[PDB]
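Working notes, structure below.
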Amino acid sequence: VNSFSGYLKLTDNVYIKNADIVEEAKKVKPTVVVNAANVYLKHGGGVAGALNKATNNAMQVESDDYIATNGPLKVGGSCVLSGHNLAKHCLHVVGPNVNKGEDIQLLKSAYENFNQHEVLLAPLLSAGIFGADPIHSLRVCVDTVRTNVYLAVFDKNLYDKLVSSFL
Ligand SMILES: O=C1COc2cc(C(=O)N[C@H]3c4cccc(O)c4C[C@H]3C(=O)O)ccc2N1
């Protein structure tokens with residue numbers, strides 16, 4: 001038993017809710033919150049910008065030190081950093097960004113990072129301002145992640161559509 005509330009059970013291991021991930025992180029304080037990162041860990045907009053703002057820019061400060069030491073991530077890759085005031089850890093995962101011209105096939109590799117954590121609060125990867133089909137992202141999530149994932153979807157009308165179209 002965990003502390004996530006009002007999530008709709010989609011599969012054995014995948015749950016979904018229409019909610020602001022920042023709020024959900026603030027309320028649950030999960031072991032792991034997933035950030036929709038880019039390879040530079042430049043948290044400007046979307047999930048990344050919203051989480052970083054909620055940390056008072058501490059996420060960005062930590063991230064800049066990470067990049068200065070290690071260089072950029074790979075598309076499809078991830079790193080574990082602090083969750084600051086939102087979670088114990090933040091798993092920064094780089095889904096392919098369609099609007100930047102990156103290969104959507106890399107979405108499965110991105111979701112594989114979730115399997116290294118038993119439970120996660122996460123966004124649907126590559127959706128929103130990343131430019132991919134969210135119905136597609138949810139399908140890849142369900143077909144790739146085997147650990148317990150609680151998906152917070154910001155957009156109400158997208159949420160209604162993801163549930164109604166889920167196979
Ligand atoms: O306070 C605030 C205001 O800014 C926010 C923006 C988002 C957001 O852009 N979400 C979408 C997005 C964007 C880029 C990449 C992604 O994988 C996703 C998932 C998708 C969604 O879940 O709808 C979410 C929360 C907040 N919170």
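FYI, nothing fancy with the structure tokens labels: chains A, B, ... in order, residues from 1 per chain, ligands from 1 as they appear.
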
Please report as CSV every residue of chain A lying within 6 Å of ligand 1, along with the nearest atom pair and their distance in Å (one decimal), using only C-alpha atoms and all ligand atoms.
```
residue,atom,partner,partner_atom_place_in_ligand_line,distance
A:20,CA,ligand 1,25 (C),4.8
A:21,CA,ligand 1,25 (C),5.5
A:22,CA,ligand 1,27 (N),5.8
A:36,CA,ligand 1,17 (O),5.1
A:46,CA,ligand 1,9 (O),3.2
A:47,CA,ligand 1,7 (C),4.3
A:50,CA,ligand 1,4 (O),4.7
A:123,CA,ligand 1,19 (C),5.1
A:124,CA,ligand 1,17 (O),5.0
A:125,CA,ligand 1,17 (O),4.2
A:126,CA,ligand 1,17 (O),4.9
A:127,CA,ligand 1,17 (O),4.5
A:128,CA,ligand 1,12 (C),3.9
A:129,CA,ligand 1,14 (C),4.7
A:130,CA,ligand 1,15 (C),5.4
A:153,CA,ligand 1,22 (O),3.6
A:154,CA,ligand 1,23 (O),3.7
A:155,CA,ligand 1,23 (O),4.5
```

Take the residues from that selection and write them out as an mmCIF file, in the first residue's frame, keeping N, CA, C and O atoms.
```
data_model
loop_
_atom_site.group_PDB
_atom_site.id
_atom_site.type_symbol
_atom_site.label_atom_id
_atom_site.label_comp_id
_atom_site.auth_asym_id
_atom_site.auth_seq_id
_atom_site.Cartn_x
_atom_site.Cartn_y
_atom_site.Cartn_z
ATOM 1 N N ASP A 20 -1.758 18.260 -11.433
ATOM 2 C CA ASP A 20 -0.465 18.934 -11.572
ATOM 3 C C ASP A 20 0.601 18.133 -10.826
ATOM 4 O O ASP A 20 0.524 17.995 -9.604
ATOM 5 N N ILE A 21 1.605 17.632 -11.566
ATOM 6 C CA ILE A 21 2.675 16.788 -11.002
ATOM 7 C C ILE A 21 3.393 17.493 -9.844
ATOM 8 O O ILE A 21 3.834 16.849 -8.889
ATOM 9 N N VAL A 22 3.555 18.824 -9.940
ATOM 10 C CA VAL A 22 4.184 19.611 -8.867
ATOM 11 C C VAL A 22 3.384 19.456 -7.577
ATOM 12 O O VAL A 22 3.937 19.196 -6.502
ATOM 13 N N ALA A 36 10.596 15.442 -17.000
ATOM 14 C CA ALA A 36 10.690 15.442 -18.457
ATOM 15 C C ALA A 36 11.824 16.373 -18.880
ATOM 16 O O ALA A 36 11.622 17.533 -19.257
ATOM 17 N N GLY A 46 7.247 23.418 -19.386
ATOM 18 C CA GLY A 46 6.611 22.119 -19.190
ATOM 19 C C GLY A 46 6.843 21.586 -17.783
ATOM 20 O O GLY A 46 7.016 22.342 -16.818
ATOM 21 N N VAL A 47 6.830 20.254 -17.662
ATOM 22 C CA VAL A 47 7.092 19.604 -16.374
ATOM 23 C C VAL A 47 8.385 20.143 -15.753
ATOM 24 O O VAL A 47 8.425 20.515 -14.577
ATOM 25 N N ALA A 50 8.153 23.687 -14.467
ATOM 26 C CA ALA A 50 7.235 23.752 -13.333
ATOM 27 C C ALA A 50 7.855 23.147 -12.077
ATOM 28 O O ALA A 50 7.756 23.725 -10.990
ATOM 29 N N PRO A 123 5.418 11.885 -15.459
ATOM 30 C CA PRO A 123 4.647 12.390 -16.590
ATOM 31 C C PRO A 123 4.736 11.428 -17.770
ATOM 32 O O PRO A 123 5.696 10.662 -17.869
ATOM 33 N N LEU A 124 3.770 11.469 -18.682
ATOM 34 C CA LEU A 124 3.880 10.728 -19.939
ATOM 35 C C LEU A 124 5.009 11.350 -20.768
ATOM 36 O O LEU A 124 4.972 12.546 -21.082
ATOM 37 N N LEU A 125 6.009 10.547 -21.127
ATOM 38 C CA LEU A 125 7.199 11.063 -21.805
ATOM 39 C C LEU A 125 6.897 11.477 -23.249
ATOM 40 O O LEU A 125 6.020 10.925 -23.916
ATOM 41 N N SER A 126 7.639 12.472 -23.729
ATOM 42 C CA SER A 126 7.609 12.956 -25.108
ATOM 43 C C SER A 126 6.299 13.655 -25.499
ATOM 44 O O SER A 126 6.169 14.083 -26.653
ATOM 45 N N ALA A 127 5.355 13.833 -24.567
ATOM 46 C CA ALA A 127 4.062 14.462 -24.835
ATOM 47 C C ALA A 127 4.172 15.980 -24.609
ATOM 48 O O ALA A 127 5.270 16.521 -24.439
ATOM 49 N N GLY A 128 3.033 16.690 -24.621
ATOM 50 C CA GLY A 128 3.062 18.133 -24.384
ATOM 51 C C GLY A 128 3.965 18.828 -25.409
ATOM 52 O O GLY A 128 3.900 18.557 -26.614
ATOM 53 N N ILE A 129 4.840 19.721 -24.931
ATOM 54 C CA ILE A 129 5.701 20.523 -25.807
ATOM 55 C C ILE A 129 6.850 19.708 -26.425
ATOM 56 O O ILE A 129 7.609 20.232 -27.250
ATOM 57 N N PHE A 130 6.974 18.411 -26.064
ATOM 58 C CA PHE A 130 7.898 17.487 -26.737
ATOM 59 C C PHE A 130 7.371 17.015 -28.095
ATOM 60 O O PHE A 130 8.159 16.528 -28.914
ATOM 61 N N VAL A 153 -1.278 13.704 -15.297
ATOM 62 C CA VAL A 153 -1.520 14.368 -16.582
ATOM 63 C C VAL A 153 -2.085 15.764 -16.300
ATOM 64 O O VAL A 153 -3.169 15.891 -15.718
ATOM 65 N N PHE A 154 -1.368 16.816 -16.723
ATOM 66 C CA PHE A 154 -1.789 18.183 -16.389
ATOM 67 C C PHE A 154 -3.098 18.568 -17.081
ATOM 68 O O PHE A 154 -3.990 19.163 -16.464
ATOM 69 N N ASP A 155 -3.195 18.305 -18.378
ATOM 70 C CA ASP A 155 -4.300 18.805 -19.197
ATOM 71 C C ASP A 155 -5.575 17.966 -19.006
ATOM 72 O O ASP A 155 -5.591 16.771 -19.318
#
```

Next on the checklist: Need the shell around residue 8 (chain A): protein/DNA/RNA residues with any atom at most 9 Å away, counting only C-alpha atoms. Skip same-chain ones fewer than 6 positions apart. Format as a list in words?
Outcome noted: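 Within the cut-off, the hits are residues 14, 15, 16, 17 and 163 of chain A.
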
How about saving the chosen residues, N, CA and C atoms kept, as a compact mmCIF listing (two decimals), in the first residue's frame?
```
# COMPACT_ATOMS: atom_id res chain seq x y z
N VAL A 14 0.27 0.29 -13.83
CA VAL A 14 0.18 1.67 -14.30
C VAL A 14 -1.14 2.28 -13.86
N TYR A 15 -1.03 3.47 -13.27
CA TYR A 15 -2.14 4.24 -12.72
C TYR A 15 -2.08 5.65 -13.29
N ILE A 16 -3.23 6.34 -13.38
CA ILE A 16 -3.28 7.64 -14.06
C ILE A 16 -4.27 8.58 -13.36
N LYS A 17 -3.95 9.89 -13.36
CA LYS A 17 -4.80 10.91 -12.76
C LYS A 17 -4.62 12.24 -13.50
N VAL A 163 -7.96 8.26 -21.15
CA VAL A 163 -8.75 7.20 -20.53
C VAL A 163 -9.70 6.60 -21.55
```

Item to check | Nearest residue to residue 35 (chain A) from the set A:119, A:6, A:139, A:83 (distances using only C-alpha atoms) | outcome: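 Ranked by minimum distance to residue 35 (chain A), first place goes to A:83.
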
Checklist entry - Counting only C-alpha atoms, which of A:67, A:86, A:79, A:98 gets nearest to residue 113 (chain A)? => result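 Under the stated criterion, the closest residue is A:79.
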
Checklist entry - Can you tell me, as JSON, numbers by chain, what residues are no more than 10 Å from residue 105 (chain A) when counting only C-alpha atoms, ignoring any on the same chain fewer than 4 positions away? => result {"A": [76, 95, 96, 109, 110, 140]}

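Across region 49-101 of chain A, DSSP run on the backbone finds strand (DSSP E or B) at residues 78, 79, 80, 81, 82, 89, 90, 91, 92 and 93 of chain A.
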
Atoms to include: N, CA, C and O atoms. Write the selected residues as a PDB file, in the first residue's frame.
```pdb
ATOM      1  N   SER A  78      18.985   8.984 -18.670  1.00  0.00           N
ATOM      2  CA  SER A  78      18.490   9.545 -17.422  1.00  0.00           C
ATOM      3  C   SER A  78      19.636   9.734 -16.439  1.00  0.00           C
ATOM      4  O   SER A  78      20.721   9.159 -16.585  1.00  0.00           O
ATOM      5  N   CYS A  79      19.358  10.513 -15.397  1.00  0.00           N
ATOM      6  CA  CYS A  79      20.223  10.556 -14.227  1.00  0.00           C
ATOM      7  C   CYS A  79      19.349  10.760 -12.997  1.00  0.00           C
ATOM      8  O   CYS A  79      18.246  11.313 -13.087  1.00  0.00           O
ATOM      9  N   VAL A  80      19.848  10.313 -11.851  1.00  0.00           N
ATOM     10  CA  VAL A  80      19.177  10.496 -10.569  1.00  0.00           C
ATOM     11  C   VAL A  80      19.836  11.658  -9.849  1.00  0.00           C
ATOM     12  O   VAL A  80      21.046  11.641  -9.609  1.00  0.00           O
ATOM     13  N   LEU A  81      19.046  12.667  -9.517  1.00  0.00           N
ATOM     14  CA  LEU A  81      19.506  13.780  -8.704  1.00  0.00           C
ATOM     15  C   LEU A  81      18.560  13.947  -7.517  1.00  0.00           C
ATOM     16  O   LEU A  81      17.648  13.129  -7.317  1.00  0.00           O
ATOM     17  N   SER A  82      18.773  14.995  -6.726  1.00  0.00           N
ATOM     18  CA  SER A  82      17.910  15.246  -5.581  1.00  0.00           C
ATOM     19  C   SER A  82      16.478  15.563  -6.013  1.00  0.00           C
ATOM     20  O   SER A  82      16.243  16.188  -7.049  1.00  0.00           O
ATOM     21  N   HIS A  89      14.116  11.711  -4.485  1.00  0.00           N
ATOM     22  CA  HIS A  89      14.940  11.742  -5.679  1.00  0.00           C
ATOM     23  C   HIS A  89      14.127  12.265  -6.848  1.00  0.00           C
ATOM     24  O   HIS A  89      12.905  12.084  -6.904  1.00  0.00           O
ATOM     25  N   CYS A  90      14.820  12.899  -7.790  1.00  0.00           N
ATOM     26  CA  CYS A  90      14.268  13.192  -9.106  1.00  0.00           C
ATOM     27  C   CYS A  90      15.017  12.380 -10.147  1.00  0.00           C
ATOM     28  O   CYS A  90      16.245  12.485 -10.257  1.00  0.00           O
ATOM     29  N   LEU A  91      14.283  11.559 -10.888  1.00  0.00           N
ATOM     30  CA  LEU A  91      14.823  10.869 -12.051  1.00  0.00           C
ATOM     31  C   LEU A  91      14.582  11.743 -13.279  1.00  0.00           C
ATOM     32  O   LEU A  91      13.439  11.884 -13.743  1.00  0.00           O
ATOM     33  N   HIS A  92      15.652  12.364 -13.780  1.00  0.00           N
ATOM     34  CA  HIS A  92      15.583  13.191 -14.984  1.00  0.00           C
ATOM     35  C   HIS A  92      15.687  12.269 -16.183  1.00  0.00           C
ATOM     36  O   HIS A  92      16.730  11.642 -16.380  1.00  0.00           O
ATOM     37  N   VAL A  93      14.611  12.160 -16.961  1.00  0.00           N
ATOM     38  CA  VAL A  93      14.547  11.254 -18.106  1.00  0.00           C
ATOM     39  C   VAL A  93      14.365  12.074 -19.370  1.00  0.00           C
ATOM     40  O   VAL A  93      13.486  12.940 -19.419  1.00  0.00           O
TER      41      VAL A  93
END
```

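Distances from A:44, A:108, A:133, A:52 to residue 161 (chain A) were compared using only C-alpha atoms, and the smallest one belongs to A:133.
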
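Taking only C-alpha atoms into account, residue 2 (chain A) lies nearest to A:31 out of the set A:164, A:69, A:137, A:31.
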
Item to check | Point-to-point distance in Å for CA of residue 102 (chain A) and CA of residue 32 (chain A) | outcome: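 Those two atoms sit 26.1 Å apart.
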
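Of the listed residues (A:55, A:148, A:70, A:116), A:148 comes nearest to residue 11 (chain A); the distances count only C-alpha atoms.
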
Checklist entry - Which value, in Å to one decimal, gives the distance between CA of residue 143 (chain A) and CA of residue 100 (chain A)? => result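 Between these atoms lies a distance of 25.0 Å.
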
Next on the checklist: With DSSP run on the backbone, what are the alpha helix (DSSP H) residues within region 6-108 of chain A? I'd like them as a PyMOL selection string.
Outcome noted: chain A and resi 21-28+46-54+58-70+106-108

Next on the checklist: Please list as a PyMOL selection string every residue within 8 Å of residue 115 (chain A), counting only C-alpha atoms and excluding residues in the same chain fewer than 3 positions away.
Outcome noted: chain A and resi 111-112+118+145-147

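The closest residue to residue 28 (chain A), picked from A:107, A:61, A:75, A:120 and counting only C-alpha atoms, is A:120.
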